[PDB]
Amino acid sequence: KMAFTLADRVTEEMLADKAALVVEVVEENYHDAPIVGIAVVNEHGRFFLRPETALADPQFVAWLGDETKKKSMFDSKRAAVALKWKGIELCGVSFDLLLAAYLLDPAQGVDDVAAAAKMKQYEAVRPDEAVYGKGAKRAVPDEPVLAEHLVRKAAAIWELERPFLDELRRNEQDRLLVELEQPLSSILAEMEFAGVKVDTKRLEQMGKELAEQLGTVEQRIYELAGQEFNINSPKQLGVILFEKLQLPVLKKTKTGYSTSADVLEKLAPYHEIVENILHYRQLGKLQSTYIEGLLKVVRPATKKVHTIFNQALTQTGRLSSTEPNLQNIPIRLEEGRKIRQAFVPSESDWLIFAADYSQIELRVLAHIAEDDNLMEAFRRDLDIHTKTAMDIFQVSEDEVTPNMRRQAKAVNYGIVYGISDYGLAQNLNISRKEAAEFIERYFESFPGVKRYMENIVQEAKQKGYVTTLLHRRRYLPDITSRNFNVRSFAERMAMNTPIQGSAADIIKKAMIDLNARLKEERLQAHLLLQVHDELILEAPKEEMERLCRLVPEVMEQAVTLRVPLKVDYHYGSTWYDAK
């Protein structure tokens, strides 16, 4: 049905100043991945181009990098990064259908053009999986079949842009797309392609020493159990703990006895073996994931790892990080924290600079709930995580250990996001009565927060969705469910999503503002990672003084709230030192 030219060479009419553009990368991980085909749809017609041809054509390369030639795409970051690996700069992306779909409804989980097309009853395009196949069968089809698919995807983007933009505008999300998510996409592309350098010699030595330690811990566990078994098997472990050793069963799941960390910690008064097992499972994860798993994805010639920041995945507007995940590198225990010594600057005489928003979601909550006491506290520049810790453990601001503040931080966020007396009791291993009391007092100190949380649940029931500061939405169709469990989970999403999502809006805006400030001040410094409310950069050592002023300022000023935003920062020779 759909006519298109299977071109042998680039022509002028393919180089119009507005086009839908498909630069096709089949591999899920697009770093240094093949570009298999290109499609262009514009006012002059529909074109398929072979990448060997087009990417070596100086005019097409020129067009790609010409910011005044506007392109509409789906997942422009994937294309931009794949092109960077081919030594080509992509500019002028003015519409991204993936990001537009994501903003309209994140629950749709849109991850191909066909799925976004479904949102407007557009059915003249196939899903990628149908065309390429799955798993071991995944392959690029015969050229005519490939060309039609890419053209159909380009035609879809061409026809769907206006309908999607119209609906975003109706929702007050058009700027959220064009001014926030789309510019962020190009920044994330830069960060991913840059990568982070790894000290493989240090990491390999850590791994050798870890293997030795695991063996020792392992044997000690076998001695304590009176038996060899697979400690990494919750099934086998459950038999040892609850049948052989006859320890109390505190919890079961659908598969059998729970051996969760929470459960094992509570069993410590019964048998010392549970502490050893908890240590073993920590060590085993360090080895499998942060030594072996990490070394697996290091590019050997540059020693860099290149994460992918998924910008259209989370239901709240956060990013996630995959292959590897660099947003869950250990920090809480010194043993694991040492992994961060293996993440180093990519040039000699450069340093790692890390900045972190202080009490971020509590500040956002203060602004949104308009809780006068919480607002007062932050205008007063107080630390609410520390105050809660003194309350919980009997101590004062002097005797608050970093571990103390950590445990208290979990209690603060637990309570505002709706933890029960049961959950708080199980968490601090205190009586349910004491836990209930603590929650009651908390909401007495911050009654605006309590009111806000009651009101936001009711609003969500009336409207069917909640919204963030920059107009991001999450729909919650389950929130009027007659079923208690289903309804209760949805109510808690109403309590959390606006706060976590507004905090995401803020750091996203901060990243955009920060790059504009780095370019104008012509600094060599550049972003490496985002970790939800943290930005990690690397820079020549000479730029540290300028960053110490620049970075906190830009982050604190990204939005203006009813309370101040506050950023902490550190720098050093490795990520570990940036503390």
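Numbering starts at 1 and runs along the sequence shown.
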query: Test item: residue 406 lacks coordinates in at least a third of other entries; finding: yes
query: Third-or-more of other entries without residue 394; finding: yes
query: 545-553 set against 523-531, stretch whose average Cα temperature factor tops the other in the entry; finding: 545-553
query: Entry-level comparison of average CA B-factors, 37-45 and 22-30, reporting the higher stretch; finding: 37-45
query: Of the residues 422, 280, 465, 378, the one carrying the largest Cα B-factor as recorded; finding: 378
query: Modelled-residue ranking by C-alpha temperature factor, third containing residue 208; finding: middle
query: Chain third (lowest, middle, highest) by recorded CA B-factor, residue given as residue 327; finding: lowest
query: Chain-relative CA temperature factor third for residue 135; finding: highest
query: Ranked against its chain, the third holding the CA B-factor of residue 484; finding: highest
query: Within-chain third of residue 149 by Cα B-factor, per the entry; finding: highest
